[PDB]
Amino acid sequence: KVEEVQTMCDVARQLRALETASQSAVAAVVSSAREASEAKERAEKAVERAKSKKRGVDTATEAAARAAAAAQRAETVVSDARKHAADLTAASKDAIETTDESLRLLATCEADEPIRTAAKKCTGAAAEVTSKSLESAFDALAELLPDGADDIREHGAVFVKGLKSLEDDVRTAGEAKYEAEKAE
């Protein structure tokens with residue numbers, strides 16, 4: 001029925017948005033680690049300036065140690081983020097293909113007009129997909145199909161988990177940048 005088609009469309013738009021969301025999350029983490037590293041470099045220069053002066057060396061050194069540790073933490077997140085992004089893109093490839101194929105068959109289905117139309121107009125990706133918008137989309141689809149609902153929610157849970165990981169990565173790297181800058 002057309003409700004189901006439109007609800008499947010919402011899921012498909014969420015799925016189609018994951019590669020862009022992943023790349024966006026990685027780019028955010030990379031910018032954070034860059035900023036953290038710049039704060040580290042400022043603090044390490046400040047140590048040398050102190051050393052030349054023969055004054056204030058303890059406090060500069062302690063601050064630089066904090067900034068350096070924070071940049072190191074940020075750099076670890078870059079590595080984790082790239083892995084989380086590539087895992088999530090890999091995990092969803094088959095789901096995108098399958099869902100798209102369901103919808104393209106409905107668009108040409110021997111199906112009434114609103115159903116062909118809802119399927120045909122289902123092109124493009126959602127904007128600003130989050131673990132929350134993705135979970136909601138799968139919940140909505142599960143709700144229409146009680147015989148298949150447990151399965152649909154578990155299919156979705158994979159992507160919800162992977163997106164939550166990248167969202168945590170973004171936070172973790174942002175916290176590391178924030179400490180690096182506060183230290184310096």
# chains A, B, ... in the order shown; residues from 1 in each chain; ligands from 1
$ residues_around --residues "region 60-62 of chain A" --least-positions-apart "4" --cutoff "7 Å" --atoms "only C-alpha atoms" --output "VMD selection string"
chain A and resid 46 to 47 56 66
$ write_last_selection --atoms "N, CA and C atoms" --output "compact mmCIF listing (two decimals), in the first residue's frame"
# COMPACT_ATOMS: atom_id res chain seq x y z
N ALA A 46 55.85 27.59 23.18
CA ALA A 46 55.81 28.34 24.44
C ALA A 46 56.84 27.77 25.44
N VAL A 47 57.02 26.46 25.47
CA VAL A 47 58.05 25.82 26.31
C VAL A 47 59.45 26.27 25.93
N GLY A 56 59.68 30.31 33.92
CA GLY A 56 58.32 29.87 33.62
C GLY A 56 58.29 28.50 32.96
N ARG A 66 49.91 18.46 28.61
CA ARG A 66 48.45 18.31 28.46
C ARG A 66 47.97 18.49 27.04
$ closest_atom_pairs --of "region 25-128 of chain A" --to "region 155-176 of chain A" --cutoff "12 Å" --atoms "only C-alpha atoms" --output "tab-separated table"
residue	atom	partner	partner_atom	distance
A:25	CA	A:170	CA	6.2
A:26	CA	A:170	CA	7.8
A:27	CA	A:170	CA	9.3
A:28	CA	A:170	CA	6.5
A:29	CA	A:170	CA	5.5
A:30	CA	A:173	CA	8.4
A:31	CA	A:173	CA	9.0
A:32	CA	A:174	CA	5.7
A:33	CA	A:173	CA	6.6
A:34	CA	A:173	CA	10.1
A:35	CA	A:174	CA	9.5
A:36	CA	A:176	CA	6.9
A:37	CA	A:176	CA	10.0
A:39	CA	A:176	CA	10.7
A:40	CA	A:176	CA	11.2
A:66	CA	A:176	CA	10.3
A:67	CA	A:176	CA	8.9
A:68	CA	A:176	CA	10.1
A:69	CA	A:176	CA	8.8
A:70	CA	A:176	CA	5.1
A:71	CA	A:176	CA	6.6
A:72	CA	A:176	CA	8.5
A:73	CA	A:176	CA	6.3
A:74	CA	A:173	CA	4.9
A:75	CA	A:173	CA	8.1
A:76	CA	A:173	CA	8.7
A:77	CA	A:173	CA	6.0
A:78	CA	A:173	CA	7.9
A:79	CA	A:169	CA	9.9
A:80	CA	A:169	CA	7.4
A:81	CA	A:169	CA	6.0
A:82	CA	A:166	CA	9.0
A:83	CA	A:166	CA	9.5
A:84	CA	A:166	CA	6.3
A:85	CA	A:166	CA	6.9
A:86	CA	A:162	CA	9.9
A:87	CA	A:162	CA	7.7
A:88	CA	A:162	CA	5.6
A:89	CA	A:159	CA	9.2
A:90	CA	A:159	CA	10.5
A:91	CA	A:159	CA	7.6
A:92	CA	A:159	CA	7.2
A:93	CA	A:159	CA	11.0
A:94	CA	A:155	CA	11.3
A:95	CA	A:155	CA	8.7
A:96	CA	A:159	CA	11.5
A:99	CA	A:155	CA	11.9
A:128	CA	A:163	CA	11.8
$ select_by_dssp --residues "region 14-137 of chain A" --states "helix (DSSP H, G or I)" --output "NGL selection string"
:A and (14-16 or 18-53 or 57-107 or 113-120 or 131-137)
$ closest_residue --among "A:152, A:13, A:134, A:65" --to "residue 41 (chain A)" --atoms "only C-alpha atoms"
A:65
$ closest_residue --among "A:102, A:153, A:24, A:19" --to "residue 137 (chain A)" --atoms "only C-alpha atoms"
A:153
$ closest_atom_pairs --of "region 5-64 of chain A" --to "region 138-145 of chain A" --cutoff "12 Å" --atoms "only C-alpha atoms" --output "tab-separated table"
residue	atom	partner	partner_atom	distance
A:5	CA	A:141	CA	9.3
A:6	CA	A:141	CA	9.3
A:7	CA	A:141	CA	5.7
A:8	CA	A:141	CA	6.3
A:9	CA	A:141	CA	9.5
A:10	CA	A:138	CA	8.6
A:11	CA	A:138	CA	6.2
A:12	CA	A:138	CA	9.7
A:13	CA	A:138	CA	11.3
A:14	CA	A:138	CA	9.3
A:15	CA	A:138	CA	10.2
